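Let's start with one chain on its own, the form deposited in one PDB entry, as structure tokens.
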């Protein structure tokens, strides 16, 4: 029966629980075939060809084994309005706010999700193949890694997951009879197609819904083929579901890159940073530092799982296997290590294509050769003159982590790396200095809680987890606060940075990119035990920041803290936190809000 539809692998080699999960959903989804993925090169190569024949991907002949997917323009991004978490009680998932709808999560009742589900999945894979992706989040076979099984009817998903996770037969062997996260995904276009297909990219924007059911350990996603919505081990599992597991079992799952930096005397520290949208995350994680004798190496550019070890050090591991980076704005100048990374074995999505088979995008900063022309991400001849970008602004590259020329030697050590500093941020055109340090752990938690970033709109993105909390943010804030009562904890120092402060003409006060290494240098030396006290925390004292080799920098304006800007800031932060967090806001946070007000009132 079922075995008759299997075109690769054997039902009988799957652990029984994996087999039951597959059986239950094949019966539900009614796919024409079952493909058990093995993770092999040969399978990958096979699936690429198949994808090329069908028009899903094009070869990028300028490079070694790169491919380009173009999507339906209705499906170009993770969509938060269609993303929900499902729990018996609303409060376990989001706080009940004082006014408005919560912006800290979107809960759906189990009754509502059951109707939503039944309206979408039965028969959804008719006419297509159901692929079975065994994948590990974390180095294969570690005790501290978690495994999932994602069923999908999208080969683009398979190939992306092979890069972004460890996938294939070795994960099934490691999993044996263990537990796993059940992940079900369908693009939602059963054949025969009921609606047109744009660029050979199936999606069902109307019914798109990305659900998480933490008590069942299930992620169920329907109707988008796009990254955050389809690659379920990354945002769905490694951030949302995990942040909730972590709150239960003593650890943290966070939206942080992790880098190791070494000073000219050979001392090395690992730092973690949580930044909101469009703040240069990959750019910092794989920075080529400008300061002589300094070295930066990349552990991860997006997510980190962290847990206190036996001596109380917070150790991080990057549960991903690759980088799903925003492409526009990537160039040799801004991120030479990212460029080198994506020179081969990479999938690109919604970027532009040169006539010689290369890629292109806003900010790539690479003159075209005489006669080379550009095809945009909508498949049309393109020119600067048309008044739309040649690449979608959320376009991506999906690339093996092992290819980063500065990948850290410890990026896959199953014991993780010891975090000595955590860095929060955002895009703040006015008011917020280049760097400041927290006064205490509780104050550091409040700094993360207070994060805002200009996306002409400025929004709150606390800890850069606003779209990703797996559970009540007030409870997450308690969970972080409680780290300070962990026996012998060695708490990382907390900082906040802003690469985007502008003068009155809107020009950047700070050059950023490699020059950010000057700011990392000061944090590094602060971790080693100097400062100038201000109401918002410590900034570097006069002349402490290393400016050698830079053109002029307006230090005074860059580090300026005005009472008036900050009177409004703290009023905004208070309003936000008391309104959105309400009955769940920890008293430690309340005290930090008041204290900042008190300090600001003293200026």
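Residues that one form lacks are left out of the comparison. Positions refer to the first chain, counted from 1. The term rigid core refers to the maximal set of C-alpha atoms that superpose within 1.5 Å between the two forms.
**Student:** Does the deposited sequence hold unmodelled residues between residue 455 and residue 456, and if so, how many: none, 1 to 3, 4 to 9, or 10 or more?
**Tutor:** Gap between residue 455 and residue 456: 4 to 9 unmodelled residues.
**Student:** Between residue 506 and residue 507, how many residues of the deposited sequence have no coordinates in this entry: none, 1 to 3, 4 to 9, or 10 or more?
**Tutor:** According to the record, the chain runs unbroken from residue 506 to residue 507.
**Student:** Determine, for stretches 101-109 and 247-255, which one has the higher mean CA B-factor as deposited.
**Tutor:** Mean C-alpha B-factor is greater for 247-255.
**Student:** Quick one: higher average CA temperature factor, 89-97 or 185-193?
**Tutor:** Per the deposited B-factors, the answer is 185-193.
**Student:** Based on what the PDB entry reports, which of 203, 279, 236, 314 has the top C-alpha B-factor?
**Tutor:** Answer for 203, 279, 236, 314: 279, with the highest C-alpha B-factor.
**Student:** Of the choices 64, 42, 38, 572, which one's C-alpha carries the largest B-factor in the record?
**Tutor:** Max CA B-factor in the entry, restricted to 64, 42, 38, 572: 42.
**Student:** Where does residue 487 sit by CA temperature factor within its chain: lowest, middle or highest third?
**Tutor:** Its C-alpha B-factor, which the entry lists for residue 487, ranks in the highest third among residues of this chain.
**Student:** Quick check on the deposited entry: does the C-alpha B-factor of residue 411 sit in the lowest, middle or highest third of its chain?
**Tutor:** It belongs to the middle third of the chain when residues are ordered by C-alpha B-factor.
**Student:** Going by the entry, which third of its chain does the Cα temperature factor of residue 581 land in?
**Tutor:** Bottom third by C-alpha B-factor.
**Student:** Per the entry's values, where does residue 134 land by CA temperature factor relative to the rest of its chain, in the lowest, middle or highest third?
**Tutor:** Its C-alpha B-factor, which the entry lists for residue 134, ranks in the lowest third among residues of this chain.
**Student:** Should residue 72 be placed in the lowest, middle or highest third of its chain by the C-alpha B factor in the entry?
**Tutor:** As the PDB entry reports it, the C-alpha B-factor of residue 72 lands in the middle third of its chain.
Beyond the structure shown, there is the form deposited in another entry, which is absent from this document and is the topic of what follows.
**Student:** Considering only 196, 192, 506, 367, which residue exhibits a C-alpha shift of no less than 2 Å between this form and the one not shown, with the rigid core used for superposition?
**Tutor:** Everything else stays below 2 Å; the exception is 506.
**Student:** Give me the stretches of at least three consecutive residues whose Cα atoms move by 2 Å or more between this form and the one not shown once the core is superposed.
**Tutor:** Listed in sequence order, the moving runs between this form and the one not shown are 141-144, 503-507.
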